[PDB]
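If you read the sequence shown in UniProt numbering, its first letter stands for residue 158, the second for the next number, and so on.
Note sheet for the following structure.
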Amino acid sequence: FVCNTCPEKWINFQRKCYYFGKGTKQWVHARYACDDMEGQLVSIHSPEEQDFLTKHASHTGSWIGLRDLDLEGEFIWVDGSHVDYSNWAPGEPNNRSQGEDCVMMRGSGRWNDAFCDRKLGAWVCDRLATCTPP
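What follows is the structure, encoded as structure tokens:
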């Protein structure tokens with residue numbers, strides 16, 4: 158009936174749980190780290206979800222679950238969903254023809270693209286919250 162239960166060290170917002178990771182990681186690094194924890198690198202689909210992430214975001218930048226796929230020819234989230242909501246910094250993205258294929262979130266919450274082998278100090282995972290029983 159009510160789904161706001163999250164594992165130790167994760168934070169609940171709406172029906173989801175979020176892990177604000179800290180550590181030195183390239184994008185595909187953070188992708189597998191989230192998978193190891195039974196989550197996914199975060200997908201963002203509304204301004205309310207973004208505003209929650211901004212309140213907890215590392216000041217020095219974080220990987221999120223968006224990257225440019227060559228065959229589909231667009232940015233696609235790790236869970237296969239398309240970009241509806243977006244929060245690009247003004248002028249972004251600007252490195253698609255330039256090999257900057259992975260997306261990070263600044264301390265402001267705004268997104269920019271980057272080289273996938275860039276090292277950042279933070280990354281965010283999500284998973285679904287579990288629910289109250291009968």
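All C-beta atoms, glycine included, are put in the ideal place defined by N, C-alpha and C.
Tell me which same chain residues have a C-beta within less than 7 Å of the C-beta of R263, skipping the five on either side of it?
Residue 263 sits at position 106 when you count from the first residue of the sequence shown. For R263, where only same-chain residues beyond five positions count, the Cβ hits under 7 Å are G218, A246, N269.
Could you name the residues of the same chain whose beta carbon sits closer than 6 Å to that of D225, not counting the 5 residues immediately before and after it, in chain order?
As a first step, residue 225 is located in the sequence shown; it is residue number 68 there, counting from the start. Closer than 6 Å at Cβ, skipping near neighbours: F232, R253, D258.
Provide the residue(s) that pair with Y176 in DSSP beta bridges, ordered along the chain.
As a first step, residue 176 must be located in the sequence shown, where it is residue number 19. DSSP, once it has assigned bridges, lists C282 as partnering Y176.
Which residue's Cα is closest to the Cα of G266: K276, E205, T162, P290?
Translated into the one-based positions of the sequence shown, residue 266 becomes position 109. Nearest of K276, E205, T162, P290 to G266, Cα basis: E205.
Is the beta carbon of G222 closer than 7 Å to that of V235?
What you label residue 235 is simply residue 78 of the sequence shown in a count that begins at 1. What you label residue 222 is simply residue 65 of the sequence shown in a count that begins at 1. Closer than 7 Å, so yes.
Are the CB atoms of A279 and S215 nearer to each other than 7 Å?
Residue 279 sits at position 122 when you count from the first residue of the sequence shown. Residue 215 sits at position 58 when you count from the first residue of the sequence shown. Yes.
Would you call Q171 buried or exposed, if buried means 16 or more other Cβ atoms sit within 10 Å of its Cβ?
Here residue 171 refers to the residue found at position 14 when the sequence shown is read from its first residue. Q171 is exposed by the Cβ-count criterion.
If you run the structure through DSSP and keep just helix, strand and coil, what is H239?
If you number the sequence shown from 1, residue 239 lands on position 82. Looking at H239 - three-state DSSP - the assignment turns out to be strand.
From the DSSP output, read off the bridge partner residues of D270.
Residue numbering aside, residue 270 sits at position 113 when the sequence shown is read from its first letter. In DSSP, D270 forms a bridge with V260.
Helix or strand or just coil, what does DSSP make of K276?
Taking the sequence shown and counting its residues from 1, one reaches residue 276 at position 119. Correct three-state label for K276: coil.
Where does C191 fall in DSSP's three states?
Along the sequence shown, read from residue 1 onward, the residue named residue 191 stands at position 34. The answer is helix: DSSP assigns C191 an H, G or I state.
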